[PDB]
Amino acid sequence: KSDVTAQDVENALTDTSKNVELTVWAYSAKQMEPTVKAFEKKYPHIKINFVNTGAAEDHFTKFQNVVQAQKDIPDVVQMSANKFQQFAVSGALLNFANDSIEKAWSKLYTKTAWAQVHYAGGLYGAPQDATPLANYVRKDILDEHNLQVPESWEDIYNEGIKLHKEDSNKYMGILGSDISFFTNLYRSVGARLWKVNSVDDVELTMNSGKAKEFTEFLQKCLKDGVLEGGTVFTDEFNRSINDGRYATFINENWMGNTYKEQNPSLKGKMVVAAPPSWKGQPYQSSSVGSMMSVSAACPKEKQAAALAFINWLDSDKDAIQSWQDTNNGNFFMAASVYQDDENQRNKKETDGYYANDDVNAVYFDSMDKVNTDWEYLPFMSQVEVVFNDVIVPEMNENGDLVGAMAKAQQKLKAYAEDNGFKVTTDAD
């Protein structure tokens, strides 16, 4: 049980005679590093060795490698709310839960994000960004085809048929072969793939109920040309999203900043809209986001400073402002100083990039509608492996996503059983 209190954390910042060196690994270096530099300017006794680990997939592999070796482990490591679980459960991350941290830091982060940095009763990071889904819509393409900005999945299907019949070089959307992209869609329609009761007790529902109905719908979209299966955040995707291959793109809202940075030619052409409803339920959403975690290997005498750094970077009012100023005037932060500020909710676009200037209001409404009735499995790294091996190959116009989900569930059941988890599935 961690005895580093909220007061001990604050003392690491005030006790400036106690010099500390922290090694920090991050994959979102572009967005985060300027605010890291601001930390170092403000607290020169805490020196940050900031390591840009490149792409997230490489970062997580590198971190697992050093943890398994028990050598050369960073003190602080970027995590995300749907990838940290297997690191937390395996003991790679410091569980810094205690009453005083819980009491103090729970007030600093919006409740949806704060819940998600817990796992199995431990506390494993400070939330960084929230990532409510938004639908980035090429309004120019829809206008050309006399199509409305879609508000539901039913609209995506019916309008997507018309679009692709009239212009077979464009699709209404992409079904991205990425575990976050894919699970975000299920979460955003209230379709549980699984339920976690405790660290060693899980239920898989990948082939029944609302999940099965949604999978059937996605396969019909693939079969009929409404969605195209493909990768996201690859060169293939980058070409497509620049060329207008997808009239809609339903994604975590950090993409809103990515378009401003990588796609200047799309200025004025997109509207940012709410993600779609399903079956005449009110629309729901999903938020994941990054978090900053401390390694279990972090030396005891550096832990207070490591926690002080993660809390400062992710919640200090100056830090939150830096996140805005260094990311085109907006970055969607989980800290309550951002989330509870009506002027962030009503913040108007000033750069002319999106065709609607109320982008943050769309993001905030989506955040309000995040589906919190959800947990990630303890072995999310294995989930991603099985997804790549079993589900991704079926994401095509002749695929069988329904059958693939059932086979993936069987593989995850065997993995769970082999690793000491109690597991039920809807196939039992």
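Sequential numbering from 1, following the sequence displayed.
Looking at 338-346 and 305-313 together, the entry lists the larger mean B-factor for 338-346, computed on C-alpha atoms.
The stretch with the higher mean CA B factor, choosing between 137-145 and 175-183, is 137-145. Residue-level inspection of the entry shows that, of 74, 289, 299, 225, 299 has the top Cα B-factor. When the Cα B-factors of 219, 322, 128, 90 are read from the PDB record, 90 comes out highest. Sorting the modelled residues of the chain by their CA temperature factor places residue 215 in the lowest third.
Per the PDB record, residue ranking by Cα B-factor puts residue 102 in the highest third of the chain.
Annotation for residue 166: C-alpha temperature factor in the highest third relative to the rest of the modelled chain, per the entry. Ranked by Cα temperature factor within the chain, residue 34 sits in the middle third according to the deposited record.
Split the chain's modelled residues into thirds by C-alpha temperature factor. Residue 318 is in the middle one.
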